[PDB]
Amino acid sequence: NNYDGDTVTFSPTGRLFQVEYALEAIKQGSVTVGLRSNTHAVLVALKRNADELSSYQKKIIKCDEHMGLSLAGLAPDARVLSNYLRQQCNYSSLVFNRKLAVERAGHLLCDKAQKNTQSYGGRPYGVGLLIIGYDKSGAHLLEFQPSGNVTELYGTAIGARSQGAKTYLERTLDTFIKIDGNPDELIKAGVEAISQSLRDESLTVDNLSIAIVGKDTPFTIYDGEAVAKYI
Amino acid sequence: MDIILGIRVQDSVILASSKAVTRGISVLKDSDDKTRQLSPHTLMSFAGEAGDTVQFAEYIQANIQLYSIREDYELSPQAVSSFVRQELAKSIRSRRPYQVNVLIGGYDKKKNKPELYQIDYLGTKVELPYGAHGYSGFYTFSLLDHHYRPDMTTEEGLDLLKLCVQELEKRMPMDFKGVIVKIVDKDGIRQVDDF
Amino acid sequence: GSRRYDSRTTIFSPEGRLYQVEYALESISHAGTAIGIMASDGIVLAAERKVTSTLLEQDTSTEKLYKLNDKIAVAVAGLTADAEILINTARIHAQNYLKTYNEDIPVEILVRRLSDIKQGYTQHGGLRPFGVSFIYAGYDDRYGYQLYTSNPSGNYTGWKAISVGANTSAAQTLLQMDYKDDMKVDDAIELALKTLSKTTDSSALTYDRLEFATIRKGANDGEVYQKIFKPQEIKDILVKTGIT
Amino acid sequence: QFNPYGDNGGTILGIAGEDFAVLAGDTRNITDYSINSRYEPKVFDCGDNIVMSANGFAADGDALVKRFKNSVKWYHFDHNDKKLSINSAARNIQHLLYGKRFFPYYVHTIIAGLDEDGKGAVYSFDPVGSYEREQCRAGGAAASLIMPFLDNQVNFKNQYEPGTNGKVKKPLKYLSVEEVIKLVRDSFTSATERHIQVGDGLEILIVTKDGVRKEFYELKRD
Amino acid sequence: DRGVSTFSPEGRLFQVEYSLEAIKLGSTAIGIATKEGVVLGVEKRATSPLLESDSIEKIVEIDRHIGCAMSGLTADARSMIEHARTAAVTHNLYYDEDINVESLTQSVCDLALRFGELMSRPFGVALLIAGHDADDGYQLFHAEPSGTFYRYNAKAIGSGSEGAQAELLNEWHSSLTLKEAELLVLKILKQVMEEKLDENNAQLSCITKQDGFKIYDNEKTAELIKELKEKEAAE
Amino acid sequence: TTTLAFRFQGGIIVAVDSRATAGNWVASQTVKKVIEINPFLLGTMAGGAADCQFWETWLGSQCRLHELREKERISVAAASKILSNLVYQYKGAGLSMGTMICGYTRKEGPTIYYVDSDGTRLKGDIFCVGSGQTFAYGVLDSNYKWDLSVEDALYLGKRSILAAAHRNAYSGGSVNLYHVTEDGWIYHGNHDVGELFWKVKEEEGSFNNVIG
Amino acid sequence: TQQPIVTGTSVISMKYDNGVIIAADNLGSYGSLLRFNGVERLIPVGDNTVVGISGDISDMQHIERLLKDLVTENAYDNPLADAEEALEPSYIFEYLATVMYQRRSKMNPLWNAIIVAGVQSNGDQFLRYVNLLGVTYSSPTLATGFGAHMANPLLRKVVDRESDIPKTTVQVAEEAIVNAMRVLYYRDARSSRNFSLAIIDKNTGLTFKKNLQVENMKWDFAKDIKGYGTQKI
Amino acid sequence: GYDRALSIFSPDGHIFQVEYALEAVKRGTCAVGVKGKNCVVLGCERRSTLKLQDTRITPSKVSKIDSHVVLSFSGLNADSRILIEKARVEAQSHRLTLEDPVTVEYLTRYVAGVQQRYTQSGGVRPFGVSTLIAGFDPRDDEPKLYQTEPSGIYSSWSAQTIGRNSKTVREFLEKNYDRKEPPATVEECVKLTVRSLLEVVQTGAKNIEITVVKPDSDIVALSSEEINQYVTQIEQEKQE
Ligand SMILES: *[C@@](C)(CO)[C@](*)(O)[C@H](CC(C)C)NC(=O)[C@H](Cc1ccccc1)NC(=O)[C@H](CC(C)C)NC(=O)[C@H](CCc1ccccc1)NC(=O)CN1CCOCC1
Ligand SMILES: [Mg+2]
């Protein structure tokens, strides 16, 4: 009310309203799902269009050969954060000849988002990210929120009606976690998960967006006729 | 760049500047005009380091032309020469100084008098009846000391100038390919085409 | 952040006016009146000191009339402290010009630069404008005797006779009535004092409440002299015109 | 006074065929009269069917290759995984080199691959970025030994058709991958014989539309 | 007052949303993409009859293979075009090749959100960026001040956009010829324009692989306008 | 290097050799010393290969940005001055460039500008640039007339490079010919000195110093 | 622009079937003065890497601090700091190689020659060299300074190429290293008798041996040598 | 540095600071530009509440940017000086690098670009100025007349007016100016310009300024008597 003019102001109950309004931008964004087993990690994203004449907004971005994310909310903010991740992954490779740990990737994003919530003039990032990767400790899935909070998960979902997919994964947890050495089945579980967040619309060939990374699989994105298999 | 001469007579200033542009063992050009018009009644000749000469001349030209537009008024030769000197005086203590020597021949319309200023790359200004830069002066000064008179006409000044060029063509080691002569008077600046 | 406390000094009103410039002019309208009158053989500067106290040291005082160089002077109306900032800048600018061209600065060039500084404070920087209006009196070999005025907007204009400060409306009407083009300095001196005497908010105009100056070619042969009047000299000129 | 440059020796060689290109280089690394390594590769697969070698001062050579490899990576990120053509790579490398015009990379750079018509391509660079496409180029310590031999055997220079009174030149033709590797091996054994900084091993990278293949051969170790 | 980079309770940037209202006040601009080329057309909208309409430059070249149309506060587009042209030429210098249309659009859209308390406010202009490259062929992009860009088969921006977009929805198909697209822009422009459409108050342009980006002459467009009227009366 | 360009009745002839050296080591015989900036503008290269190659391709980018911004092809004067002002910024840094900006516009007509790395910019009708410039001058000047035909002018430019290619050790390889007209530049082929010398010797009867 | 003041001489090393061996004497020379005798020039990083350093000792101590800080930084927010995400020899080397080249490129080098010896997580032997110029190379045997001239020839007789590595045991490899250190003591005027030796094995781990001495030296033949030519007495 | 975003969007999509800058232009004295067949004429109003003025030294309303281009304006007088100075500097800079004087379009585009920059730069307000820029391109005889405004938009005009009561004089020009046949001579062009100002001005004494620009840097300002002759001629023809 009187405490939402900028990010530098606390409310009387200790809330940061600009951060909460940034969180609100994610809820309006199109649904995207993340889940992993022990061998692979999968991103599934429902892309959104302006109208039938327009293209479908690309949700998934590659950060390195072993890491990438999906976005929900302000796409330009995802571009800034993904670019930062690309540089950090790259710095780790050039300087230390070392693939960046997915956990450090999350710590770096957390700290970058945080600085924007404590200083005057700036604004919080208006996007949520689901980071997947495969590093020296196996497969990983992270959930980034622009408040700064990063959380490692077996599976999750963000965006509009994400609660449906999140409930499904909470039920299916014991099943999909053990899908080891089988990419197509892990994707199927992710495609069935995102289907629980659909209303009136269904998954078409230029609507669905899938990405995967794993043990002997570089981070690769599937769009167009390459996802027709999973419909 | 080598030979630039200046002679102030009764009612005009005459500048003579060599036409040769030499690089190494090759005369690249024999029709080079080593001068810029700073204003309708002010002319500046120049000589020195390659590149610096033209870059400096045009920079001054732009500044004087800017002043003329702003004030709708022509700066006096004295004022222009003081501006030029200050620029060179700044330059000599810069990271890379302009290695350019200039003569400024102008006609002051308020005083109705011709004026010749000699300024070297250090920012050393002097008003003179006749001037020269480089090795030219080692011949022409003594020659002009003898033959020059303050009440001479423009035509007498041109004959006096011919006497300088002839001496330079006789005793100078390098072939400077003749000179372009320009006259500055009450009616402005004009070029002598046959010299 | 700090946005909360920003007055926004350099913005337009809905009517297209600059708030701070208008309010600075309102401030100047309460300042002691200053009059400039340009004659064919010189310029007169006359200014009324702001409600003088009897214990004020009058002879070693300078409130209204300042010297910029040997050929140019100014009469001030508004905040004196603001004026002195601008005066020192103007003095330096005149010396920069002399150093560069070996010639005394033309009056308009000095006025334009000083007015450009004022303009800057109205368009950028977020600072309040200078609450000062000047009357420039000066001479050069191009235009001869010249009178200008500048105000907080940074706009300047040339005049034959002009007033700034308090009661300019009444003062300008009186000047417009009695001024003529073939006027002499001595006549202009009389007009300046008569105008102040009528427009003043004081009971009677006296020597101790005035500053006076002339810029004549009254020196020996083709050269300009600046005369900042002494208290006794103002006392004499006030008697000579029959005001006291 | 500290001297920021050094000479790591070695020599490299690029030959272009009709539908292939090779980039060879010896594996010896030296300083002064000492051998640092008998097997230190300096010919690298940089992705997008581009092979590269920057011979001379190895520290600068490694830095350049490292920066170009990174340039390829970011080219994919910024331009929707578009394949970096050999001509585009060459121009990019010019800017990398010329970027340090006043503190140069002390290397002779050669890249090899296929052009956009599928034909074999070799580009060579001087230390400050001047580049040129050629059928043939040797670089490094023994370049002065190998290059004239390549002019004679690859481009058939000074060779005329027998009995034509030195009037008809020997006609230009593409060489097979088998014939090119013969010339590379003979070039390096000859250079090994007469140049002290060349020897130990020969590593050849062959580029076709199918990918990047490697071949290794022993050289004299004296 | 309030911060420039402030979020509303709904989760949108106030200034970005307000700039979108300014774009709705702008003159109409329509783009249609086909397999034979991309067509760009604009409403000039001269404020007075004394204004020389040919000086109204709302269609602009970025490179030989990329063109651009604008709508909204058109003065704001100048620095966007300048950046686009430099980006296009700079890439050619670095890589000895034409730059992808998408990459060019992305470079322009990176400027968009570089505002706050960088420039003082978002751009008040939307751009239709049309071009061709070897990889993705003929393309049309809509670049907004939000920093977002969508690819479109056909797109209208400006005051008559929602009406024109609904019309483009029905009329567009994947087998449109270049000539058919030209007439379709003129048809839809004439519908949404206030004043009557002619060669002086409307401008056409196109980009083809062969001839590159070309702004049509008033003589060429006048014939297409005449061809359009005859075809509508013919049934 | 040896390069030249001269103005005549039928426009401009531009001729260059193709050799590149590193000391006494002949590094290349097939270098392109003419840069095609646009259909009406050419640039010649002499001195530091990288310096010339890099900055003249950069010049082409600047000339392109001009015609996008101004909707008009850049003048030869303005093009040459972009380059001269650029190298002047680097004066003393050690750039080595001897260039000629040759082209045609409506307002200027056929125009040649000499531009070098120490800041010199000269308009003129005839220039020869490079270590072999003097050898080219000798043949060019002694045979030059304004009223040369396009055929004779092309040959004289070719013959002048050949002369320098022969006498100067740091020039050779092949001759590249260009002809600039009101309609733009026209390429007139690559001519290898290996065959050209003997062809010229036999047909012309010149080069009697050489063992035939 | 520097000049080295207090210096350390040769660092020598080689690969063997299960790991690597590295050695360096304990001397800190001050020109011709053999100033400091308790200087440790082998610095372990974790339980899988040993960095041997020669050249300027002040710069060596700076590098020690960097490596020490690298271990600290790696532990931050890293639950697997003593397991999968522990510092590898390849990470440590690339870091140093980056620093060495950056410093030479700023015309202010770390005046050192460095050999990073260790064993990777997958069991592979790691041995690589880097110096003040940022020059890097790897070989079955590596040595710095006089070691390059005298030790390498001896160590290469044991492991002359890659295929000789599996055939070389830790006993044979250590014997050659210890022999090389003796030869360096005979012939290098800035060497000492006291030295340290480190073995990094993929099975037995890191074994750090301090206070070793050169022994079994041949000096007896010196008594027979009289004069410089003719002299009989 | 002062960073505040003064020019910003409002809910309805307007930038009030730019629109309020237009109100300042609307307050300013009237300025008119009319281009004939071989010339351009710039007419300017001068308000007559200021007597005892010195017209020798008072800044003229029309300013020369170069020998071939002129600039008049309406709005804040102090603001105009900054644009004029920048334009004059750019004119000399263009001659220095391109070796050719600016085109009228280029000079306009520059001035318009400066005005635009001040509408989305932090810490500054827009210029309260609209300009009429007129002249002839080098080696060209086609007349050029351009207008700029605070927002930064610019465009070419056959004839145009700006300032106070400009809508009245624009109404006049819209019916009196023929595109097919512009003023064939200098006299015709000046007369139409004076006529248009007489719809608004008051008296045709020392209130109207006229500046005529012709090809090849031929610019001249008319005196009082010269202008008064047009005023006397128009009034006599009016009484009919
Ligand atoms: C005639 C041939 C006279 O030179 C022409 O002027 C040609 C002009 C054409 C090529 C544009 N000029 C040259 O061939 C030019 C001559 C030259 C050499 C050095 C400085 C100035 C002028 N040659 C070069 O520039 C060569 C071209 C290479 C061989 C393709 N380049 C070099 O010599 C380079 C780079 C020189 C350099 C300049 C500035 C900073 C750093 C370096 N140097 C080497 O290649 C060094 N060297 C070669 C032999 O192996 C050891 C390393
Ligand atoms: Mg050998």
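X-ray crystallography is the method the PDB entry states for this structure, with the resolution given as 2.50 Å.

Labelled according to the PDB entry, chain D appears under the name Proteasome subunit beta type-6, originating from Saccharomyces cerevisiae.

Under the annotation held in the PDB entry, chain A carries the name Proteasome subunit alpha type-6 and is attributed to Saccharomyces cerevisiae.

Caption draft 1: Spotlight on the interface of chain G and chain D. Each partner contributes to the interface: chain G provides 22 residues, whereas chain D provides 23 residues. Ranking the residues of chain G by area buried against chain D places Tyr101, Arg104 and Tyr137 of chain G at the top, with a combined share of 28%. Run the count over chain G and chain D and you get four salt bridges. In this structure, the connection of chain G to chain D is made through eleven residue pairs in polar contact.

Caption draft 2: Examining the sheet that holds strand β1 (residues 11-16) of chain D more closely. Residue and element names in this part refer to chain D. What the five strands build is an open sheet, ordered β10-β1-β2-β11-β12; its pairing is antiparallel. The two strands at the open ends of the sheet, each matched to only one other strand, are β10 (136-140) and β12 (211-218). Put simply, the sheet's adjacent strands are angled 15 degrees from each other on average, direction ignored. Sheet analysis places strand β11 (residues 201-208) next to β12, joined by eight bridges and oriented antiparallel.

Caption draft 3: Seen up close, the arrangement of the chains. Most contacts, compared over the 15 pairs of chains touching, are made between chains C and H. One thing to see here is that chain C and chain D don't touch, and their nearest C-alpha atoms sit 37 Å from each other. Taking C-alpha atoms only, the smallest gap left between chain G and chain H, which are not in contact, amounts to 34 Å.

Caption draft 4: Main features of empty space enclosed by the protein. Residues and elements named next belong to chain G. Of the volumes computed, that of the second largest cavity is approximately 50 Å³. No other element matches helix α4 (residues 170-187), which puts three residues into the lining of the second largest cavity. For the lining of the second largest cavity, the class distribution of residues is four nonpolar, four polar and two charged.

Caption draft 5: Structural detail: the coordination of the magnesium ion (ligand 2). Within the protein, the magnesium ion (ligand 2) binds to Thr192 of chain D (O) and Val198 of chain D (O); these donor distances fall in the range 2.5 to 2.6 Å. Like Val198 of chain D, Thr192 of chain D is buried.

Caption draft 6: View of the site of ligand 1. The environment of ligand 1 is made up of 19 residues, and the closest members are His108 of chain D together with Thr1, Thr21, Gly47 and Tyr170 of chain F. Taken together, the residues near ligand 1 originate from chains D and F. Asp126 of chain D is positioned such that a nitrogen or oxygen atom in its side chain is 3.4 Å from a nitrogen atom of ligand 1. Within the side chain of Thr1 of chain F, an N or O atom sits 2.2 Å from an oxygen atom of ligand 1. For ligand 1, the protein covers 66% of the area, taking 970 Å² as the surface of the free molecule. No other element matches the three residues that strand β3 (residues 20-22) of chain F contributes to the shell around ligand 1. Each residue belonging to the shell around ligand 1 can be placed in one class, and the counts come to eight nonpolar, seven polar and four charged.

Caption draft 7: Examining the interface of chain H and chain C more closely. Residue-level contacts link 31 residues of chain H with 40 residues of chain C. Among the salt bridges present, the one from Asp116 of chain C reaches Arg81 of chain H, with a minimum N-O distance of 2.8 Å. Where chain H touches chain C, the interface holds 13 residue pairs in polar contact. Looking at the side of chain H that touches chain C, the elements with two or more residues in it are α1 (16-27) and α2 (77-98) of chain H. It is α1 of chain H that provides the largest number of residues to the side of chain H that touches chain C, a total of six residues. Here the residues of the side of chain H that touches chain C sort into 16 nonpolar, six polar and nine charged.

Caption draft 8: Representation of the pattern of salt bridges in the model. Scanning the model with the defined rule gives 92 salt bridges over all chains in all. Measuring nitrogen to oxygen at the nearest pair gives 2.7 Å for the salt bridge that ties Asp200 of chain D to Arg28 of chain D. Taken together, the residues span a long stretch of sequence, with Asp200 of chain D in the loop between α4 (177-194) and β11 and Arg28 of chain D in the loop between β2 (21-26) and β3 (29-31) at a distance of 172 residues. For the pair formed by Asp200 of chain D and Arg28 of chain D, the shared burial category is buried. A salt bridge links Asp96 of chain E to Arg91 of chain D; the nearest nitrogen and oxygen atoms lie 3.8 Å apart. Of this pair, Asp96 of chain E sits in the loop between α2 (77-95) and α3 (101-112) while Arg91 of chain D sits in helix α2 (residues 86-99), on two different chains. In this structure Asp96 of chain E comes out as partly exposed when scored by relative accessible area, which is 33%. By sharing partners, the salt bridges in this structure join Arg36 and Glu58 of chain B, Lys81 and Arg121 of chain F together with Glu99 of chain H into a single network.

Caption draft 9: Quick peek at the sheet that holds strand β7 (residues 98-105) of chain F. All names here are of chain F. Ordered by their spatial adjacency, five strands build an open sheet running β5-β6-β7-β8-β9, and the pairing between neighbours is antiparallel. In this open sheet, the two strands that pair with only one neighbour each are β5 (34-38) and β9 (121-124). The average angle at which neighbouring strand axes cross in this sheet is 20 degrees, direction not considered. Bridge count for β5 against strand β6 (residues 41-44) is four bridges, and the pairing is antiparallel. By the bridge assignment, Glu36 is partnered in β6 with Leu42. Set on the sheet, helix α1 (residues 49-70) makes contact with β5, β6 and β7; between it and β5 the angle comes to about 10 degrees.

Conventions we followed
- Residues numbered from 1 in each chain as written, not as in the entry; some residues may be left out.
- Chains lettered and ligands numbered in written order.
- Part of a larger assembly, values for the part shown.
- Heavy atoms only, no water.
- Contact = heavy atoms within 4.5 Å.
- Buried area = accessible area lost by both parts, 1.4 Å probe.
- Salt bridge = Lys/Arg side-chain N within 4 Å of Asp/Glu carboxyl O.
- Polar contact = N/O pair within 3.5 Å; in protein donor to acceptor, adjacent residues only side chain to side chain.
- Pairing = 2+ DSSP bridges.
- Helix = DSSP H or I, 4+ residues; strand = E, 2+ residues; numbered from the N terminus.
- Axes fitted to C-alpha atoms, helices over the stretch in contact; angles between N-to-C directions.
- 1 Å grid on protein atoms, 1.4 Å probe; cavity = no way out; pocket = protein on both sides within 12 Å on 5 of 7 lines; lining within 4 Å.
- Points joined across faces, edges and corners; volume = space filled by probe spheres on them.
- Nonpolar A, V, L, I, M, F, W, Y, C, P; charged D, E, K, R; others polar.
- Donors = N, O, S within 2.8 Å, 3.2 Å for Na, K, Ca; no water.
- Buried < 20%, exposed > 50% of the residue type's maximum accessible area, 1.4 Å probe, protein only.
- Near = heavy atom within 4 Å.
- Areas by Shrake-Rupley, 256 points an atom, 1.4 Å probe, with all protein chains shown as cover.

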